[PDB]
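Q: kindly generate the corresponding structure for this input.
(4 chains)
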Amino acid sequence: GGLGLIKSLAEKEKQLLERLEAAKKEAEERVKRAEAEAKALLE
Amino acid sequence: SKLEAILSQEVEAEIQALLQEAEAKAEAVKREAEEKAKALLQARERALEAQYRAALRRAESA
Amino acid sequence: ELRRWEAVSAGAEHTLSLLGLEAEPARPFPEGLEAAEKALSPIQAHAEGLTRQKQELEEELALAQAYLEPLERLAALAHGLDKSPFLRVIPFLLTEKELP
Amino acid sequence: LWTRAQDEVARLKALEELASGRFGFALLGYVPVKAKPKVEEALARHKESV
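A: Residues are numbered from 1 along each chain as shown, chains lettered A, B, ... in the order given. Right below this line is the structure:
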């Protein structure tokens, strides 16, 4: 029903956005490791 | 539900695609800097080889 | 895009109003917004120019007929000093025979 | 053109009454019980039979 769709859409956007930002934080870690390897190879 | 599954699938596939695009572009940026470093060491050691040649020739003449 | 489609609908309504036809519903015309706007603007511009020319010509004919014969009679009376630089001729379409 | 523009403007104005869910959407309303088969046949042309 209507309120069921309200609750479901709220949970949808909550869990999908939380997965999105979790993956971008792991992307941040990948960027950090990549420049660490870059500077280690240059030195 | 099924609609949760398909929307989670599409958003997860597009953050996956964002990961792939960003990291491929960043690696293509970094590779040129690393090859610049290696070829700069090549040209640097070539110029220092010319310097060693000048030192040996002037030691010879002296 | 909604404002553009609403402006297209308002221009079509104004074009039908200037055309004299009424808003009768019928089957739609499935096409893009740009081609429909280009098709609408040609007929709307032609009808707007025709209506402006017709209104201006009707107003000009009415204003000419309002003072047609009297201007001719006053020019025939004043055919010697019309724009001579010594005499201004105040003409007045005045009332009945109370000339004193 | 007036018919197609009225239909497109109706769809545009009806989109304003929707509810967004951050790349998610839903619609709610009323419909008579005698049109449940017609509404099901209209929903048969849905993308994933929503």
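Q: what about the nearest residue to residue C:28 once chain neighbours are set aside, neighbour count?
A: Once flanking residues are discounted, residue C:28 sits nearest to residue D:4: 3.5 Å by C-beta to C-beta, 6 or more residues apart in numbering or on different chains. In short, each C-beta sits where N, CA and C put it, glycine included. When neighbours are defined as other C-beta atoms under 10 Å in any protein chain shown, residue D:4 has 20 of them.
Q: need phi/psi at residue D:4.
A: Main-chain torsions, residue D:4, degrees, to the nearest 10: phi -70, psi -40.
Q: so it sits against residue C:30, correct?
A: Yes - using C-beta atoms under 8 Å, residue D:4 makes contact with residue C:30 at a distance of 6.6 Å.
Q: once you drop chain neighbours, what's closest to the closest residue to chain A within chain C?
A: Nearest residue of chain C to chain A (C-beta to the nearest C-beta) works out as residue C:2 at 24.0 Å. Excluding the flanking residues, the one nearest residue C:2 by C-beta to C-beta, 6+ apart is residue D:12, at 3.8 Å.
Q: give me the neighbour count for that neighbour.
A: So residue D:12, with other C-beta under 10 Å, has 15 neighbours.
Q: helix, strand or coil for it?
A: Counting by DSSP: H, G, I helix; E, B strand; the rest coil, the backbone at residue D:12 sits in helix.
Q: spell out whether the helix or strand residue A:22 falls within and chain B are in contact.
A: If you go by DSSP states H and E, residue A:22 is part of helix A:2-42. Yes - Helix A:2-42 reaches chain B (C-beta under 8 Å from any C-beta of the partner chain) through A:8, A:11-12, A:15-16, A:19-20, A:23-24, A:27, A:30-31, A:34, A:38, A:41-42.
Q: the strand or helix carrying residue B:56 packs against which elements?
A: According to DSSP H and E, residue B:56 maps onto helix B:2-61. Contacts defined by 3 or more C-beta pairs under 8 Å, 6 or more residues apart in numbering or on different chains; DSSP states H and E place helix B:2-61 against helix A:2-42.
Q: what is the orientation angle of the helix it packs on with helix B:2-61?
A: 10 degrees (axes from the mean of the first three to the mean of the last three C-alpha atoms, to 10 degrees).
Q: helix A:2-42 packs against which elements?
A: Partner elements for helix A:2-42 (3+ C-beta pairs under 8 Å, 6+ apart): helix B:2-61.
Q: off-centre distance for the helix it packs on?
A: 0 Å (C-alpha atoms, centre = their mean, to the nearest Å).
Q: ditto for stretch C:27-38
A: Chain-centre distance of stretch C:27-38: 30 Å, with C-alpha atoms, centre = their mean.
Q: got the CA positions of that stretch in PDB?
A: The C-alpha coordinates for stretch C:27-38 follow below in PDB (Å, rounded to 0.1, in the frame of the first residue of the first chain):
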ATOM      1  CA  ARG C  27      -6.200  13.000 -32.600                       C
ATOM      2  CA  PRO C  28      -2.800  14.200 -31.600                       C
ATOM      3  CA  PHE C  29       0.300  14.800 -33.800                       C
ATOM      4  CA  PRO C  30       3.100  12.600 -32.500                       C
ATOM      5  CA  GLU C  31       6.400  14.300 -33.300                       C
ATOM      6  CA  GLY C  32       9.300  16.100 -31.600                       C
ATOM      7  CA  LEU C  33       8.800  19.400 -29.800                       C
ATOM      8  CA  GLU C  34      11.200  21.300 -32.100                       C
ATOM      9  CA  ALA C  35       9.600  20.200 -35.400                       C
ATOM     10  CA  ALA C  36       6.100  20.900 -34.000                       C
ATOM     11  CA  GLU C  37       7.300  24.300 -32.900                       C
ATOM     12  CA  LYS C  38       8.800  25.000 -36.300                       C
END
